[PDB]
Amino acid sequence: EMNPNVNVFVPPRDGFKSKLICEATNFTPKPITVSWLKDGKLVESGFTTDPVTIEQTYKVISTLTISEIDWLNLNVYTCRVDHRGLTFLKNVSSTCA
Amino acid sequence: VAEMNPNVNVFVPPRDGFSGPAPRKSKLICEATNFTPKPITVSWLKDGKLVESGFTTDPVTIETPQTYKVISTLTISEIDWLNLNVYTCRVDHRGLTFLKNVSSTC
Amino acid sequence: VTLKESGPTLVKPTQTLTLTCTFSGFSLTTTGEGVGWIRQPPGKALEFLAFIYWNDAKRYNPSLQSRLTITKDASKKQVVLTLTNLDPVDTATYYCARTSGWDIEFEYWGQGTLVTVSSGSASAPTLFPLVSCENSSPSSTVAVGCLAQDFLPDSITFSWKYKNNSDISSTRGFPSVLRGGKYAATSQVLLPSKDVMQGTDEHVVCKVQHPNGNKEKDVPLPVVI
Amino acid sequence: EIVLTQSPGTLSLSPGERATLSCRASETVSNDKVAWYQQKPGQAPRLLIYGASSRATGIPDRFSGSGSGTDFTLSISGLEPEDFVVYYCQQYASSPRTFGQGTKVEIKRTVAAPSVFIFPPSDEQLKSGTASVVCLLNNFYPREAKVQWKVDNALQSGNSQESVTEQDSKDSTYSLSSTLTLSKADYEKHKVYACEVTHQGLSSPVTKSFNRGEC
Ligand SMILES: *[C@@H]1O[C@H](CO)[C@@H](O[C@@H]2O[C@H](CO)[C@@H](O)[C@H](O)[C@H]2NC(C)=O)[C@H](O)[C@H]1NC(C)=O
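As deposited, the entry is annotated with cryo-EM as its determination method and 8.5 Å as its resolution.

A. Seen up close, the overall build of chain C. Per the secondary structure count, chain C includes one helix and 18 strands. For 225 residues, the compact-globule estimate of 2.2 N^0.38 gives 17 Å, and the C-alpha radius of gyration of chain C, at 24 Å, exceeds that figure by more than 25%. In terms of its C-alpha atoms, chain C occupies a principal-axis envelope of roughly 75 × 35 × 30 Å. Expressed as a percentage of the 225 residues in chain C, the buried residues total 44%. For chain C, the share of sequence-separated contacts (at least 6 apart) that also reach a separation of at least 24 residues comes to 59%.

B. Structural context of the environment of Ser166(C). Residues and elements named next belong to chain C. Take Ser166: it is sitting in the loop between β14 (158-161) and β15 (177-179). Overall, the relative accessible area of 23% leaves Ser166 in the partly exposed class. The residues contacting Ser166, other than those within four sequence positions of it, are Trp160 and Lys161. A polar contact is formed between the side chain of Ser166 and the side chain of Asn164, at a distance of 2.4 Å.

C. View of the interface of chain B and chain A. Listed as interface residues are 20 residues of chain B and, on the opposing side, 20 residues of chain A. Interface area for chain B against chain A, summed over the two sides, is near 1,700 Å², with a carbon-plus-sulfur share of 55%. For chain B, the biggest contributors to the area lost against chain A are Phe11(B), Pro14(B) and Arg15(B); these three give 26% of the whole. Linking chain B with chain A are three residue pairs in polar contact, by the criterion used here.

D. Examining the domain arrangement of chain C more closely. All names here are of chain C. With domains assigned, chain C is organised as domain 1 (1-119) and domain 2 (120-220). A separation of 37 Å is found between the C-alpha centroids of domain 1 and domain 2. Contact residues are listed per partner, giving five residues for domain 1 and seven residues for domain 2. In terms of surface lost to domain 2, no three residues of domain 1 exceed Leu10, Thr116 and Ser118, which account for 58% of the buried area on that side. Taken together, the connections running from domain 1 to domain 2 amount to zero salt bridges. For the interface between domain 1 and domain 2, the tally reads one residue pair in polar contact. Of the residues in the side of domain 1 that touches domain 2, the class split is one nonpolar, four polar and no charged.

E. Quick peek at the sheet that holds strand β17 (residues 203-208) of chain C. Residue and element names in this part refer to chain C. Across the sheet, three strands lie side by side as β14-β17-β18; this open sheet has antiparallel pairing. Taken across any chain shown, the strands that pair with only one partner, and hence form the sheet edges, are β14 and β18 (218-220). With strand direction ignored, the average angle separating the axes of adjacent strands in the sheet is 25°. Direction of pairing for β17 relative to β18: antiparallel, over a ladder of three bridges. Paired with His203 across the strands is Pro220, a residue of β18.

F. Here's a closer look at the interface of chain D and chain C. Counting residues at the interface gives 43 residues for chain D, matched by 45 residues for chain C. Of all residues in chain D, the largest losses of buried area upon contact with chain C belong to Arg97(D), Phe99(D) and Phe119(D), amounting jointly to 18% of the total for that side. Seen at the junction of chain D and chain C, the total is four salt bridges. The residue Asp103(C) makes a salt bridge to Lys33(D) at a minimum N-O spacing of 3.1 Å. Counting every contact that joins chain D to chain C gives nine residue pairs in polar contact. Mapped by element, the contributors of at least two residues to the side of chain D that touches chain C are β4 (34-39), β5 (46-50), β12 (115-119), α1 (123-127), β13 (130-140), β16 (163-164), β17 (174-183) and β19 (206-211) of chain D. When residues of the side of chain D that touches chain C are assigned to their parent elements, the largest contribution, five residues, is made by β17(D). Split by residue class, the side of chain D that touches chain C holds 19 nonpolar, 19 polar and five charged.

Parameters and conventions
- Residues numbered from 1 in each chain as written, not as in the entry; some residues may be left out.
- Chains lettered and ligands numbered in written order.
- Part of a larger assembly, values for the part shown.
- Heavy atoms only, no water.
- Helix = DSSP H or I, 4+ residues; strand = E, 2+ residues; numbered from the N terminus.
- Rg over C-alpha atoms; globule rule 2.2 N^0.38 Å.
- Buried < 20%, exposed > 50% of the residue type's maximum accessible area, 1.4 Å probe, protein only.
- Contact = heavy atoms within 4.5 Å.
- Polar contact = N/O pair within 3.5 Å; in protein donor to acceptor, adjacent residues only side chain to side chain.
- Buried area = accessible area lost by both parts, 1.4 Å probe.
- Domains from an automatic or database assignment.
- Salt bridge = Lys/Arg side-chain N within 4 Å of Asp/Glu carboxyl O.
- Nonpolar A, V, L, I, M, F, W, Y, C, P; charged D, E, K, R; others polar.
- Pairing = 2+ DSSP bridges.
- Axes fitted to C-alpha atoms, helices over the stretch in contact; angles between N-to-C directions.

Quick look at the structure:
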């Protein structure tokens, strides 16, 4: 039982809509739930979860559809990972801001 | 059934995307979507130098013309990123080469 | 002891068919010795036509009586066979053999010759491209063929080459079938999937060596990768 | 008129084993004047035993004949790969003589699933007014197989010739080709063409079909 690593990717500073990828790696067991947040509000649509693949370790990725205007307006996006009763939250923002 | 130029997108970590024991490391994601036919070649370039290690390319999977997607991951070092190094994703499709340049400069 | 046959390779229906059985090394003087004709249609068994003994003694089949004639010429040492009322269903290869006594029947056989009875003419073969429409099942390898049609007589050899004039070992040869007065045959070739997802060659050439023309059409590969 | 019937038509034996060929006559043969012949495809038939009991020159002693009257059996010891050919029994006491149907012996092998491929007619061939749809079966065993054509849920009949190849020298398998012939006008009146293949080694029938205009 190892805590999953949470990493959130951001679009390039010099331009690219785009997608947000949250990756959980080196986690056990295989079942895991990944969700997305927008400014502390639950997201009901616009996100998909790819099937878990084998890298024993497993890898799971998620895709969230975002717009260029909303992302660059300093909106807060958080990837929520639930594993073995533990919740992990990662916050990202614009680097050039 | 159709011929479409692949779209090249590069994902980079944020300012707080580095963790672990020093030196910290991260990953780069280059994904091509809505391309046809299925075969496609993905390569990684670092300041004009070909990268021959530290990269893993996922098998091509299916996402009306048939569509496919490919995901590639390259491990990078924090020190190299801080030196304003430019990473280029090389995509080869039906003899056509598409290059995308990304950097930490604002 | 050996025998050799000879005759026309193409005869029209309702005509006169003549064949000659050439033998050398013995004479039809001793008793028991005789010559007989045996034919075999493709896919069927042997059929007995007639047999002739010495002293100008000949025997005929009641099923084909009053339709065949047996004549011998000791000067040329070859039996002459005449066939009338030719029918397409009677097409077969005719063989002659020598009987060395009363118990040893048909001890030595010759080589025979194919006598095709078709109302059509010996036209050049026609090739047609064949592209596989298989989907949702790549399987082990892909299949591509070549449809040689409208050829007569049936004598075709198949060879497969790549765009760069390479060598392919197919060995897949289907026998010809009589359909509408003409022989039709199909030929295919198996190629590895890895080679398809590699060289830019998107087609291969189909080659047939028939004595009516040296045409060679190319079949385009579907390409999967 | 002496009718000779041989059964079974096709038998599967293994190298080194014993093979018994049966020859049935419609009536008694005087003096037991029955002979056996060996024929290989492509080459010419060769005599093996005359009079059902005396071998000929250049014939191995492993071939033995027995029986008399209306029952004759051919026994061969030490079966060889080159001996997998068609054999005919013939009697020369009739005058005129008659020949039997003949029996074919094949090498016994395991059941292998066949591969089914269908090639739609080419555009150039359609311009000639004739459309040819093929159904290819490769690497299957035994030779017995059923190939049925089904177009628009209507089963076709009386329009398939069917061509089958010989046993492979190195693979010991069989292959056959089925060709579908129909008028050009009738071809444009049908959308989906499919051939059904049934095999002993397949739990369920496998059907392949294509859509007009997509190939
Ligand atoms: C003609 O081109 C083909 C390409 O489809 C060549 O086939 C390749 O070369 C090797 C060596 O001959 C073959 O064994 C393989 O089938 C192909 N290579 C790979 C990696 O798949 C073929 O060799 C060429 N012909 C000649 C004479 O060079």
